[PDB]
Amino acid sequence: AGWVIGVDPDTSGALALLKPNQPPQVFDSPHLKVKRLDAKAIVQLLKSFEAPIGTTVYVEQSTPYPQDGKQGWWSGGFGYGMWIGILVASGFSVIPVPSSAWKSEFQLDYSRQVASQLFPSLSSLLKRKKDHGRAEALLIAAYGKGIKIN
């Protein structure tokens, strides 16, 4: 049983969980009740999976807008660093993934429609512009599952 997790580490990102012979699942990244990721709630979400130790997690490499201030670059690195630290500390095998990696394999901005096509049972969850993070997480997971025959 080889699970694959895909993570969009942005503050409006998400986590996708793909288990073999099971429908896909996706989870909005929890935020504090202050736009800020909630490390405690991320840890608890991950722990609730009871995933096999060493389960592979693919994390999109955060790259910031060219037009972002100094606290904006600090914030993107903080969130990416928090996810890496959480995942490595939780026993997962962590593979950073440039956004170009999955965007290239899936014709890619159409990520929401592309995710709906690959994961029809989740299309209701990708209808709105806010669902971009859910879409990226699913595509990253799909990418990390690889091309494989039965």
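For every residue, the number given is its place in the sequence shown, counted from 1.
According to the PDB entry, the deposited sequence contains 4 to 9 residues between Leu108 and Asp109 that lack coordinates. Where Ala89 is followed by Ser90 in the displayed chain, the model omits none of the deposited residues that would sit between the two. Annotation for 94-102 versus 22-30: the higher mean temperature factor (C-alpha) is found in 94-102. Look at the C-alpha B-factors of 3-11 and of 141-149. On average they run higher in 141-149. Sort the chain's modelled residues by C-alpha temperature factor and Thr56 lands in the lowest third, per the entry.
The deposited CA B-factor of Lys70 belongs to the highest third of values across its chain.
Per the deposited record, the Cα B-factor of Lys35 falls in the highest third when ranked against the other modelled residues of its chain.
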